[PDB]
Every structure is written in C-alpha cells, then in structure tokens.
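Numbered from 1 within each chain, the chains take letters A, B, ... in sequence-line order. As a basis for the values below, the full set of heavy atoms in this structure was taken, side chains included, without hydrogen atoms, waters or symmetry mates.
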Amino acid sequence: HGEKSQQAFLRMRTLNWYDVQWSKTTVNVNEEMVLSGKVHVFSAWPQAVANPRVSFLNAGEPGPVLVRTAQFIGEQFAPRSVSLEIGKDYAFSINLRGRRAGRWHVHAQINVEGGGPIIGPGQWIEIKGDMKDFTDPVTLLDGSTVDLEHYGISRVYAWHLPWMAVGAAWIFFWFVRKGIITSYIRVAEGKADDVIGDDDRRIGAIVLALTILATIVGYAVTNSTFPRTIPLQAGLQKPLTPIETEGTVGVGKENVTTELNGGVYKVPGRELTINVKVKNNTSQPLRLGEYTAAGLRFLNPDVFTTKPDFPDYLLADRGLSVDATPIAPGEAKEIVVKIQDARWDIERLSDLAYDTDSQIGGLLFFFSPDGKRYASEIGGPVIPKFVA
Amino acid sequence: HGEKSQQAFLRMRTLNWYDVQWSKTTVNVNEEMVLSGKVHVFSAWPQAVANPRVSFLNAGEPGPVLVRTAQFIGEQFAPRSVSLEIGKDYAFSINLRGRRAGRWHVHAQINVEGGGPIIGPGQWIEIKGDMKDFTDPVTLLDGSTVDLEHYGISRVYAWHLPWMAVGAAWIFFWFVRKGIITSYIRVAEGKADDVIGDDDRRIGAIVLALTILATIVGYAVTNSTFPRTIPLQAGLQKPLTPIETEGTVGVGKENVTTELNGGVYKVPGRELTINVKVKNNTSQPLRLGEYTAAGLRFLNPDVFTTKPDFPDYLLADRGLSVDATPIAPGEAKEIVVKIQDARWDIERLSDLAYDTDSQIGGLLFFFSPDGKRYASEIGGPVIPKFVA
Amino acid sequence: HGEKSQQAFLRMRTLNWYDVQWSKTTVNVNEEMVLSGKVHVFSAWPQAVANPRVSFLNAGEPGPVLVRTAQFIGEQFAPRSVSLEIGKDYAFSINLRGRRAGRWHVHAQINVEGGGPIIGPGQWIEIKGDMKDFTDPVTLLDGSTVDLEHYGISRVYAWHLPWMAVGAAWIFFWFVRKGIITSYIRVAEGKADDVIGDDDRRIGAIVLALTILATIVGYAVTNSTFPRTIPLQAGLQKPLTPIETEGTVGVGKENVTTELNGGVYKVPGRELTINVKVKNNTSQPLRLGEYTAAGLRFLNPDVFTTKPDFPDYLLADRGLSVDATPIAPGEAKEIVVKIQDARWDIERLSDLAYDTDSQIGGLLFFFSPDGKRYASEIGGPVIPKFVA
Amino acid sequence: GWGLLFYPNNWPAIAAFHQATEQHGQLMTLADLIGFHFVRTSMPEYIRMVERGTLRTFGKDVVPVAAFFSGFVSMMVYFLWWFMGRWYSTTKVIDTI
Ligand SMILES: CCCCCC(=O)OC[C@H](COP(=O)(O)OCC[N+](C)(C)C)OC(=O)CCCCC
Ligand SMILES: CCCCCC(=O)OC[C@H](COP(=O)(O)OCC[N+](C)(C)C)OC(=O)CCCCC
Ligand SMILES: CCCCCCCCCC
Ligand SMILES: CCCCCCCCCC
Ligand SMILES: [Cu+2]
Ligand SMILES: [Cu+2]
Ligand SMILES: [Cu+2]
C-alpha cells in the first residue's frame with residue numbers, strides 16, 4: 001500500500017506485473033481466495049537493487065487479515081526463497097484464506113534480498129464474518145489435525161508464566177527478607193556479610209537444585225510428548241521454470257521487439273510522449289493495446305474496446321496515440337506513443353525527475369486481429385519537460 | 001574417511017561421483033597408481049554451499065601416504081584451483097605414488113571455496129615397501145634432477161639452526177654476565193645504569209654489525225646459487241571442458257529426463273520408496289539399473305547381473321523395484337523405485353531427518369538392451385516415515 | 001602512459017585491443033578528434049582482476065588536455081559505468097576536443113571496478129592554439145547555452161570567499177578584543193568569566209542570527225534562480241551489444257580456433273617460440289598475419305606487405321615464423337610461431353618471469369587471399385628459457 | 001628494521017624452493033611442487049592467500065613494498081604491545097575478585 005513512495009524508475013525497471021487476478025473480491029471467514037498473476041523480470045536490472053537471484057513471493061496485506069495457505073511461483077510450491085532470472089517471466093498464485101472482517105487492500109509482492117520490497121497491483125478485499133470463527137486447520141505427519149490459530153499457545157503459556165512467577169517470587173523473597181535501604185546501609189557499614197550469609201546460601205542452593213530438576217523434568221516430559229521432531233526447514237529452492245507462451249517476451253519464434261528512441265514527460269503533469277521503434281517480426285497485423293509500467297495498465301482506447309476488471313487506481317483506459325495502423329507483418333517502423341492519464345501522476349510516476357536515473361521501463365502489449373497478445377519489453381532514458 | 005558425519009542432503013546434492021576407478025589396489029613404494037572418475041555437479045546447488053566457481057581437486061588420504069605426481073580435471077592439468085559449472089559433468093584423474101607402507105583408505109575429494117570438502121568414493125590401498133626407499137624425483141628447468149623427499153632440507157637446517165644457536169648464546173651471555181635477581185635488584189635500587197652500560201653497548205653493536213654482515217653475506221651467497229628464481233605460481237585456472245558423452249545428463253540429442261514426485265524414507269530404517277516420472281526420450285528400451293546418491297552405487301539386481309568392482313562399503317547390489325519393464329522409447333511414465341539397503345543407514349544417509357532440508361539428490365542410470373548407459377539427475381523433497 | 005609497469009600476464013589476458021584508430025594526430029584548440037577501436041575481453045579472465053561486470057570507458061591522457069565531449073561503447077552512449085561480458089568483443093569511440101597546446105600521449109583506457117586501469121594503445125597528439133580560446137559549449141534543457149570552461153565559477157567564488165572572509169573577521173575580532181596570552185592568564189587565574197561574558201554573548205548571538213538569515217536568504221535566492229534542478233544521474237547502464245562481424249572470435253559460422261601447446265620466452269631476451277594448434281574451420285586459405293598481445297601489433301612480414309598506420313612504440317613489423325603455407329580450409333594442424341621484436345622487451349612483456357602466472361594471451365589474426373580477416377583468441381602457459 | 005630484515009634473513013632458506021620446474025607444459029616452483037606432491041587433506045590451493053597478481057603492482061618491487069609496509073605497521077604494534085607488556089607486568093593486588 002506504500003508503493004507510491006518508492007522511486008519511480010526502480011518500480012518500473014525491476015518487475016513488470018501483468019495478468020494479475022483476484023479470484024474473489026468479497027470473501028468470508030474460512031473461505032479461500034486465490035491471487036494469481038505473471039511477473040516479468042526487467043532485462044536492465046538496476047544496479048541499486050541487488051540481483052533477484054534470492055527473492056521471496058509474498059502477499060502484500062496489512063497484517064494477517066488473510067492467512068496464506070499455499071503459494072506457487074515458477075510451477076513450484078514456494079514457502080521459502082526462490083531465484084528469479086533476469087529477463088524471464090514467471091507465473092505465481094497465492095491461496096489466501098479470510099481471517100479478519102473488514103475491507104483490506106491486498107497486493108502481490110516480491111522481495112529481493114539486497115533490494116527490498118517490490119509491490120505489485122493491489123485490490124480491495126471485503127471480508128465478512130467473525131475472527132473467533134477462524135480455523136486453519138493443518139494435518140501432521142502422524143495424521144492428527146491441529147488448528148494453527150490456537151495450537152501450542154496453551155503449552156507456551158504453561159511453560160512461560162510459571163517461570164516468570166517464580167522469578168518474581170524470588171525477587172520479592174529477597175526484597176522482603178533484606179530491605180533495599182537496610183541492606184545497602186549494612187553493606188556500606190563494612191558488614192556486607194550479615195546481609196547475605198548461610199542460611200541464605202542454603203535457600204539459594206535449594207532454589208537452584210529445584211530449578212535444575214524442573215528443567216530436566218520439563219525437558220524429559222516434553223520429549224515423551226513430541227518424540228519425533230525435525231529442525232526448521234530452510235534454504236533457497238531449486239531454480240524456477242519460466243513461462244514459455246506465447247510470448248512472454250523473449251520466447252517463441254514469433255515476438256515483437258521494441259526499442260525506445262527518446263521520451264518527454266511533463267513535470268509537473270501526466271504526459272509521456274515516447275518514440276518507440278517497433279519491429280513486428282510476427283505474422284498477424286499487430287496494434288499496441290496496453291502499457292503496464294509499475295502495474296498501471298495504460299490501455300489503448302481503440303484496441304481495448306471493453307474496459308477490463310482491474311483495480312481502478314491502476315486501470316487507465318487512456319493510453320492514447322499508437323498510430324491507428326496495424327504495423328505487422330515484417331515491418332520495422334517508429335511509432336509515437338503518448339501515455340497520458342491522471343494515474344501517472346497519482347502513482348507518483350511523474351516523480352521520475354526526482355530520481356537519480358531518468359529512465360522508464362515496462363511492457364508493451366500488441367494484439368492481433370484476433371485475441372492473440374504479444375508482449376515486448378520497453379525501457380530507456382527519457383527527458384523531462386519542465387513546464388510552468 | 002569422515003564423510004559419514006557430513007550432512008546427508010549436502011552430500012547427495014552437491015557432487016555425484018560415478019565411474020570412479022582405482023588402477024591398483026596393492027601398490028609398492030615408488031610405484032604409480034591412478035585414481036580416476038567422473039563427477040556431476042548437481043543442478044540444484046544448495047544455498048548453504050557456495051558456488052563451485054572456485055574449487056580444488058584433491059586426493060582424500062590420511063596424510064601423504066601417497067604422493068600426488070599429477071592430477072587432471074576437465075581435460076586440464078590442475079595443480080591449482082579450478083572452476084566447476086553447475087549442472088556439468090567433469091572427468092578427473094589423479095596419478096598417485098606409493099610412499100608409506102600400510103593399508104590406507106584413499107578417497108576422491110573436491111573442495112569448494114565457500115563450502116568445504118566434498119568426499120567421494122574411497123578404496124583401501126595396500127602399500128608394500130619401506131619409507132626410506134622413496135624418491136620422487138623431479139627435474140628442474142636447467143635439466144638437473146632433484147629428489148623432493150630430501151631436497152632443500154639440508155640448506156634450511158644449515159641456515160636455521162645456527163641462528164637459533166646464536167640467539168641462545170646471546171641470551172646465555174647476557175644471563176651469565178648479569179644475573180636475573182642481581183640485575184633486578186640493581187635496577188630497583190635506582191642504579192639501573194651499572195646493570196647495562198658501555199662496554200655492554202659496544203658488545204651489542206659488535207653483535208649487530210656481525211649479524212647484518214652475515215645476513216648480507218648470506219643473501220648474496222644464496223643469490224650466487226639459484227641465480228634465476230621465480231615467484232610462487234598461483235591463481236584460478238582457465239574454465240574446464242565438461243564431458244559430452246553420451247550422456248552425461250544434459251548433453252546429446254538422446255537423454256532420459258527424470259522428475260521426483262514424492263518419496264518416503266523409514267526413520268529409523270533403510271528404505272526410500274521414491275516415485276520417479278521417467279521420460280524416455282531416447283531410442284532403445286531403457287531400464288533403470290543404478291542410483292549413485294553420495295557415491296553409494298545402489299545397483300538394480302536384474303540389470304546389474306554381475307556385481308561390479310567397487311568398494312564394498314558403497315556397492316549395494318539391492319537397489320530394488322524399477323518396473324521389470326523396459327520403458328523407452330518415447331514414453332513418459334511414472335515408476336516406483338524402492339531403494340533399500342543397510343548401506344543407506346550405515347553411510348548415515350538415513351539421517352536426512354536431522355537435516356534442515358529433507359531433499360534427496362543423485363544420478364539415475366538407465367541401460368539399453370546393449371551396454372549403452374544413459375544418465376539422469378534426480379532430486380527433490382522427500383517425506384520421512386517415522387517408524388516406532 | 002604507465003602501462004609498462006603493469007604486470008605482463010594481466011595486461012595480455014584481460015583486454016585485447018585491436019582496430020584502434022585516432023582520427024587526427026595534429027589538432028587545434030576547439031577542434032574535434034575521434035579515438036575509436038575494438039576491444040576483446042579475454043575468456044580466461046584472471047582471478048586477480050575482478051569481473052568486468054562493472055567497468056568504465058576512459059581516455060588515458062595527462063589530465064584534461066583533451067575534453068571528452070562524448071564516448072560510446074557497445075553501441076551505447078556511455079558516460080557512466082558499463083558491463084563487459086567475458087569473451088565478447090566491443091566497439092568503442094571517444095569524441096575528444098583540443099584544450100591544451102602541446103604534445104600529449106593519449107591512450108584508450110578501460111577501468112574495471114575491482115581490477116583497476118587497463119591501458120590500451122596510445123598515440124602522440126599535437127595540439128596547437130591557446131588555452132584561453134577554449135570553449136566547450138553545452139546547451140541546457142531550457143535551450144540556453146553555457147560554456148563549461150567558465151560557467152558557475154563566479155557564483156562559487158561569490159558564495160565561498162565572502163564566508164571565508166567572515167570567518168577570518170570573526171577570528172580576528174575575538175583575537176583583538178581578547179588577547180591569547182591575556183585571556184589564557186585570565187582563565188588560569190580562576191576568573192575565566194570576565195574573558196567571555198555578555199555583552200560578548202550578545203555579539204555572538206547577533207552574528208548567529210545574521211548568519212542564519214544569510215543562509216536562508218542565500219538558499220531562497222539561489223532557489224529563485226535555477227528553480228528546476230535534478231539530482232546527480234548515476235548507475236550502471238543497460239547491457240551492451242557486442243560485435244558480430246565477422247568474426248570477432250566466437251561469432252559467425254566461419255571462425256579460426258587456436259590452442260597453445262607450450263611456449264618458450266628467452267629471459268633476458270625478446271623471443272617467444274609458441275606452438276599453436278590452428279583449426280581452420282573457415283572456407284578461404286588462411287595465413288597468420290598479426291598477434292596483438294597488450295596492443296603490441298606483431299605483424300607477420302609476409303602477409304602485412306605494407307606497414308600500417310599505428311603508434312611505432314607498439315607496431316612491430318617482425319612477428320616472424322607462421323609456416324609460409326596457407327592452412328585453410330578444413331585442416332587442423334600445429335604451426336610454430338616465433339614472436340621476436342625489441343618491443344616485446346621494451347614494453348616489459350619479457351618480465352613475464354617476474355609474474356606469479358607465466359601465461360600469455362592475446363589475439364591471433366588470420367587473413368584470406370583477399371582482405372578478409374579472422375580473429376582467434378590464443379592463451380595459455382609458457383615456459384621461460386633462462387639464458388646467459 | 002624488524003620488517004625490512006625479515007625477507008633477507010629468510011631468503012637463504014626458501015630460495016632453493018623457488019627454482020622453476022616444468023610440469024605438464026606449465027611453470028611451477030619447487031615449493032608449489034612440494035605442496036602439490038605431499039597431499040594435505042584440508043588445504044586446497046584457493047585458500048593460500050598469496051600474491052596472485054594485481055593491476056597496480058609495478059614490477060620488481062613487490063618484496064621491497066611489502067617489507068617496508070610491515071616495517072612501520074610494526075611500530076604501531078610495537079608501541080601497543082610494549083605497553084601491553086608493561087600492563088602484564090603489573091604488581092597490583094585487588095581486594096576482592
Ligand atoms: C636487508 C639487507 C640484506 C638484503 C639486501 C638485498 O640485496 O636485498 C634487497 C632486495 C630488494 O628487492 P629487489 O631486488 O627489488 O627484488 C628481489 C626479490 N626477491 C628477493 C624475491 C628475488 O631483496 C629483497 O626483496 C629483500 C627485502 C628488502 C630489504 C631491503
Ligand atoms: C611515549 C608515549 C608514552 C605513553 C604512556 C604514558 O605516558 O602513560 C599514559 C598511560 C597511563 O600510564 P601511567 O599509569 O602513567 O604509567 C606510566 C608508565 N608507562 C609509561 C609504562 C605507561 O599509559 C598507558 O596505559 C599506555 C598508553 C599508550 C598505549 C595505548
Ligand atoms: C631508492 C631507489 C629506488 C629503486 C627503485 C624502486 C624500488 C622500490 C623501493 C620502494
Ligand atoms: C592484557 C592487559 C590488560 C591490562 C593489564 C592490567 C593493567 C593494570 C593497570 C595499572
Ligand atoms: Cu495498498
Ligand atoms: Cu575413508
Ligand atoms: Cu603513454
């Protein structure tokens with residue numbers, strides 16, 4: 001929810017989210033919803049952000065309002081850190097479960113080890129029900145089923161609270177047997193021996209023996225229960241399998257290849273007149289229909305006749321100026337694209353002038369006469385236009 | 001010899017040794033034996049172990065009982081560190097020479113810079129003869145031949161021992177000329193000037209001049225001898241050339257591709273019921289015949305009719321359950337493999353439950369009706385079966 | 001100009017410069033000259049030098065005698081750090097501009113992040129004119145044109161010098177109002193209160209208020225001017241595009257592949273009898289014509305009938321002994337190459353014996369009956385021949 | 001002088017092992033050959049932490065540069081350890097421990 005404050009050029013040149021979907025907008029407690037999508041790793045990964053070689057898939061939400069039951073990326077179950085190769089596209093899906101009643105903004109998020117959090121598109125999720133009705137539940141290896149919402153808390157209390165009580169009792173015993181001022185005066189008057197001296201040391205040794213006995217007894221008792229335990233499972237996972245369809249820029253014999261030749265963004269404003277050299281390379285007449293910068297879906301009004309079902313704060317149905325002319329096939333030509341929408345300034349992408357690298361990035365989507373979609377990665381320097 | 005204590009999942013998911021051979025089991029002093037083999041670098045290299053980008057080939061033996069005259073890996077003479085690329089197969093060979101009489105367990109070993117030692121198969125070598133009969137020998141650039149067993153030791157003694165004697169003489173001279181208690185009392189009584197004062201400083205300066213003269217004379221004399229010397233030769237070697245036959249998983253147009261779909265290892269026990277999805281991809285009917293985990297050759301009794309020549313502690317002729325059905329060609333099917341042998345528990349691979357990553361690895365070997373062998377890399381999570 | 005002192009094996013096994021040209025040898029003040037060339041990144045990059053993953057293209061000259069107006073590498077404008085992939089060839093060009101009259105030795109230089117400077121070929125540039133006639137000039141985003149030789153210096157002086165004067169005035173005021181000896185004696189005599197006490201503190205607070213007012217006024221005034229500024233633009237650039245013609249070792253279906261099988265360099269001397277296994281692989285009868293080690297163009301007298309235009313200190317027209325026999329096509333044979341020239345010793349490449357890795361590197365150039373040139377990378381261990 | 005005298009006084013004992021030998025078409029010192037021949041288990045080559053070359057070493061002065069460097073870094077260490085030896089020579093007796 002804080003992606004607005006992140007730097008623009010880092011947001012648009014690290015991960016390019018697309019095809020992000022939320023299974024349900026309104027969910028009940030203990031009801032499952034699936035957040036899925038695809039992410040493209042920018043080829044020109046910034047030096048500021050470390051390599052995505054170590055990264056973690058996460059659900060961006062205000063706390064555990066939705067419990068994550070399972071998540072997959074690269075066709076792999078990914079509860080641990082995964083590796084993202086630069087220039088590849090990956091498909092992810094997170095199985096969430098309603099826990100807390102309210103209206104929450106749930107994002108798709110990937111964290112890079114040396115970079116930090118990268119926040120994708122977010123959607124408002126309405127959760128109905130009561131917190132006390134929430135149960136996970138999970139099954140153990142032995143076959144027993146437990147409820148992770150409440151399991152183990154009673155044992156933790158029963159082991160921790162008595163020891164805190166014992167410590168408090170020890171402190172109060174020594175405080176009432178010997179006063180603070182009284183013992184201080186006694187020690188200062190040279191006689192710091194009648195303040196503590198056996199039978200006092202006997203009481204201390206009795207307490208220590210009882211404590212050691214309880215620790216050994218407690219350790220042995222909690223070994224009879226749970227006799228077979230395993231260490232924490234950790235470590236980077238095996239390499240993921242990227243997407244291969246169709247494309248999915250960089251894959252297949254048919255693909256569009258775009259190259260930025262200069263751009264102008266009005267500061268302050270909302271325009272982005274970018275000159276794109278499109279080689280089309282494919283077989284069916286292709287027309288630009290969408291530009292996802294940092295998730296912001298700037299859709300070309302002509303191609304995208306029907307506005308799709310995407311979070312309004314990112315869905316801009318005004319990615320104007322393509323050429324109104326199918327460019328494919330085989331032709332390499334330069335087209336002028338005029339991105340203009342208030343969302344470009346709302347999402348602080350217009351703050352690219354404040355960044356130390358005035359460079360844009362994202363994905364260009366071209367569409368056939370039919371529904372076939374071809375993705376192309378666009379990125380490069382742009383020049384700010386300082387207006388009054 | 002200490003590979004048993006190393007963690008199981010690291011042993012089976014870093015290097016997969018195969019085709020390891022020892023030229024001779026019984027060798028004499030000054031007699032040459034060759035330890036050769038092939039090693040496969042696991043594709044899913046663990047995060048715990050650093051990259052094999054910097055690694056060293058070594059012979060695992062209890063000290064220099066066998067002198068290494070030459071060693072090669074990747075078709076390169078490798079006296080220095082070499083680079084191993086993840087997923088490749090390399091052929092190595094070490095030319096050993098008998099030095100110490102006895103029965104020694106000699107392993108093949110590769111050390112990774114940030115990981116540590118990886119120990120391969122080991123064989124008992126019987127060495128007959130006497131230590132005093134051992135000569136290397138090596139030849140210099142000028143053509144002279146020296147014996148590295150004894151060369152240079154006399155000069156080192158003749159330079160080191162006299163200087164130690166000189167230091168002892170200096171200490172004893174100053175100790176007898178001025179006593180310890182006597183000089184301490186003298187210094188404490190204010191007169192710390194008649195304890196040391198010229199002619200004492202004259203003796204000191206004479207000693208220093210003689211020492212400097214000897215150092216200069218010694219340096220010049222040892223420059224007349226050995227007038228042409230070179231600095232220590234160090235540095236990582238050029239990239240190695242992997243194996244390309246036939247395969248050698250990952251090479252060639254004909255190869256088996258296996259994928260683990262769950263496994264069960266009895267703890268405590270010796271079983272490993274692993275479900276393997278075999279795609280065979282090749283042209284000749286292929287039947288699973290061998291599974292090398294950490295060098296442990298679990299051979300399928302049917303295919304491996306004759307038990308091969310391999311260290312008994314690793315050679316398990318009971319890699320049971322394949323399908324008793326040739327799977328190739330073109331067919332992708334799921335087979336159930338039941339690895340079961342006491343060596344699985346002896347070599348302490350059953351301790352996979354103690355590890356922080358319950359994941360297996362290794363190589364699967366498939367054989368044609370003829371002797372052609374196809375290698376496939378298997379690896380993935382497995383689930384412990386807690387027996388009472 | 002200090003490349004002679006750098007270690008030989010690092011010089012010849014990091015970057016192999018070729019096709020280096022200087023547009024003009026004699027240039028005037030405010031006149032543009034272009035230094036261009038191609039560089040090959042050695043496949044066996046030394047461990048001592050860090051990866052060329054972060055590197056910077058630079059012009060090696062004694063200070064800003066020539067102002068760099070623009071520089072390109074990998075078909076990219078490169079004012080910032082760039083990435084060089086090991087084994088690739090890159091084309092670079094630097095647009096210089098005469099600034100200081102004299103005769104200067106201008107090199108082509110690339111700096112590696114963890115390695116340091118790598119110095120390429122250098123040529124003497126004669127610059128005529130006067131320093132005071134030098135103007136850059138550059139144009140701003142608003143369209144105004146400024147002269148970088150003098151722009152901004154007046155403002156820096158007008159802001160810095162008055163504050164230094166103010167500090168000096170403050171010091172002298174407090175030094176004359178209260179003497180050093182006088183105030184020291186006063187403080188030591190217990191009365192360190194009549195040395196500093198209001199009205200003194202009033203003068204101090206007046207000075208502080210005026211200073212804060214000037215800082216705020218100065219900050220606001222310099223915000224009215226230059227109301228639109230941007231932060232420093234920094235960061236590694238996008239990956240470069242290597243050369244693909246023709247080859248350009250490692251590219252194309254037609255290429256020579258050479259492998260060193262031992263070498264002998266006379267120490268001290270100038271010879272390098274290297275045994276090269278040439279596979280020719282190409283289609284036209286190829287004959288060795290050039291060996292660029294560290295830029296030193298050792299040209300074979302036969303093939304190179306006309307001595308080319310290249311700095312004499314590197315151009316050696318005596319790269320003798322190829323075989324006087326066209327080797328291509330399809331034939332793999334071993335040829336003996338006898339590099340011998342005084343430049344090999346002048347450039348301290350004969351000091352390879354002093355290095356910790358007696359290994360050579362560089363590029364081998366083969367030529368067709370016509371002018372087509374095929375490049376091959378040669379490198380490997382060589383053995384010094386100690387002569388009297 | 002404690003630093004400048006280290007290499008010269010050690011040269012007589014290590015020069016014989018710096019003689020060049022040819023091993024399988026590769027130059028190796030006698031010391032390198034000795035280390036390579038007599039196998040040490042937990043001692044690979046990559047850990048040797050020796051002079052492996054560098055782009056701003058200016059040849060024929062590596063040993064003089066290193067010897068001088070150890071020469072004056074010793075002065076700091078000599079000072080600190082002289083005073084540490086002074087402290088270890090204390091006769092102080094504390095009342096309670
Ligand atoms: C300190 C008095 C005795 C040695 C005098 C001498 O000739 O040695 C100096 C020479 C100076 O080095 P250089 O001749 O430049 O290179 C020789 C390098 N080695 C010794 C490896 C052949 O050798 C050293 O490196 C010893 C350490 C410095 C002492 C001043
Ligand atoms: C030439 C520099 C002398 C520095 C020592 C000195 O004057 O005393 C200061 C302090 C207190 O010493 P003090 O109790 O006065 O005893 C005087 C006897 N010595 C001179 C041996 C410390 O001594 C130290 O503990 C050593 C500080 C430097 C190395 C980190
Ligand atoms: C004082 C003479 C210097 C001789 C050449 C440089 C040797 C290295 C000394 C630091
Ligand atoms: C290891 C040195 C620690 C300090 C020794 C005691 C210092 C005594 C101060 C008078
Ligand atoms: Cu949000
Ligand atoms: Cu052993
Ligand atoms: Cu120069």
Exercise. State the CD1-CD1 distance between A/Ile360 and A/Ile274, to the nearest 0.5 angstrom.
Key: 4.5 Å

Please report, to 0.1 Å, the donor-acceptor pairs under 3.5 Å made by any side chain of residues 205-232 of chain C, with sequence neighbours excluded.
from: C/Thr211; atom 1: OG1; to: C/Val207; atom 2: O; distance (Å): 3.0
from: C/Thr215; atom 1: OG1; to: C/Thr211; atom 2: O; distance (Å): 3.0

Practice problem: Enter the distance from A/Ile346:CD1 to A/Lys4:NZ here, rounded to the nearest 0.5 Å. | Solution: 7.5 Å

Exercise. Please check if the side chain of C/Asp142 supplies one atom and the backbone of C/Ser144 the other of a donor-acceptor pair under 3.5 Å.
Key: yes

Practice problem: Assess the pair A/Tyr291 and A/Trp344: is the distance between their ring centroids shorter than 6.0 Å? | Solution: no

Quiz item: Do the ring planes of C/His1 and C/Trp124 sit parallel (below 30°), tilted (30 to 60°) or perpendicular (above 60°)?
Solution: perpendicular

Quiz item: Do C/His105 and C/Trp22 make the cut of ring centroids closer than 6.0 angstrom?
Solution: no

Self-check item: A/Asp355 side-chain N/O to A/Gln7 backbone N/O, donor-acceptor pair under 3.5 Å
Solution: no

Practice problem: Enter the distance from C/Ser83:OG to C/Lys88:NZ here, rounded to the nearest 0.5 Å. | Solution: 11.5 Å

Self-check item: Flag side-chain contact, heavy atom, 4.5 Å: A/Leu349 against A/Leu272
Solution: no

Quiz item: Side chains of C/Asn95 and C/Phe72: closer than 4.5 Å at any heavy-atom pair?
Solution: yes

Self-check item: Side-chain donor or acceptor of C/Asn30 paired with backbone N/O of C/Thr135 under 3.5 Å
Solution: yes

Exercise. Go through the steps for C/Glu32 and C/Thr69 under the test side chain to side chain donor-acceptor pair (under 3.5 Å), then give the verdict.
Key: CA-CA 9 Å; C/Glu32 196 96 30; C/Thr69 37; 2.3 Å; yes

Exercise. Taking A/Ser376 for its side chain and A/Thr258 for its backbone only, find out whether a donor-acceptor pair lies under 3.5 Å.
Key: yes

Quiz item: Counting N and O atoms only, with roles assigned by atom type, does the side chain of A/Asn58 sit under 3.5 Å from a partner on the main chain of A/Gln109, one being a donor and the other an acceptor?
Solution: no

Quiz item: Hey, are the side chains of A/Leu315 and A/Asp317 touching, using non-hydrogen atoms and a 4.5 Å cut-off?
Solution: yes

Practice problem: State whether C/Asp200 and C/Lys178 are salt-bridged, where the test is any N-O pair (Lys NZ or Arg NE/NH1/NH2 against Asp/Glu carboxylate O) under 4.0 Å. | Solution: yes

Quiz item: Do the side chain of C/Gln237 and the main chain of C/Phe77 share a donor and acceptor less than 3.5 angstrom apart?
Solution: yes

Quiz item: Are any of the side-chain heavy atoms of C/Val112 and C/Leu15 separated by less than 4.5 Å?
Solution: no

Return a table of donor-acceptor pairs under 3.5 angstrom between the side chains of residues 149-162 of chain C and protein atoms on other chains or two or more places apart.
from: C/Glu149; atom 1: OE1; to: C/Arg99; atom 2: NE; distance (Å): 3.1
from: C/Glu149; atom 1: OE2; to: C/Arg99; atom 2: NH2; distance (Å): 3.4

Quiz item: So, A/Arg297 side chain and A/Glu290 main chain: donor-acceptor pair closer than 3.5 Å or not?
Solution: no

Quiz prompt | Residues C/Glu85 and C/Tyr90: side-chain donor-acceptor under 3.5 angstrom | solution = yes

Quiz item: Quick one: salt bridge (charged side-chain N to carboxylate O under 4.0 Å, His left out) pairs with a partner in residues 49-75 of chain C, sequence neighbours left out?
Solution: none

Exercise. Measure the CD1-CD1 distance between C/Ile94 and C/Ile73 for me, rounded to the nearest 0.5 Å.
Key: 8.5 Å

Quiz item: Once you round to the nearest 0.5 Å, how far does CG of A/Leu363 lie from CZ of A/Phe42?
Solution: 8.0 Å

Practice problem: With the side chain counted from C-beta on, respond yes when C/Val29 and C/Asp130 share a heavy-atom pair under 4.5 Å apart, and no when they do not. | Solution: no

Self-check item: Cationic N near anionic O, under 4.0 Å, A/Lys385 to A/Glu271
Solution: no

Exercise. Determine whether A/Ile118 and A/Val39 make a side-chain contact, defined as any pair of heavy atoms from C-beta on separated by less than 4.5 Å.
Key: no

Quiz item: Between the main-chain N or O of A/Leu10 and the side-chain N or O of A/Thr14, is there a donor-acceptor pair closer than 3.5 Å?
Solution: yes

Self-check item: Polar side chain donor-acceptor pair, C/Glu113 to C/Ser81, under 3.5 angstrom
Solution: no

Quiz item: Rounded to the nearest 0.5 Å, how far apart are CZ of A/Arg11 and OG of A/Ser5?
Solution: 8.0 Å

Exercise. State whether the side chain of A/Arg13 and the backbone N or O of A/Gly379 hold a donor-acceptor pair below 3.5 Å, judged by distance alone.
Key: no

Self-check item: Pairwise side-chain contact, C/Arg80 with C/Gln233, heavy-atom cut-off 4.5 Å (strictly under)
Solution: yes

Quiz item: Are the side chain of A/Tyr265 and the backbone of A/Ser358 linked by a donor-acceptor contact shorter than 3.5 Å?
Solution: no

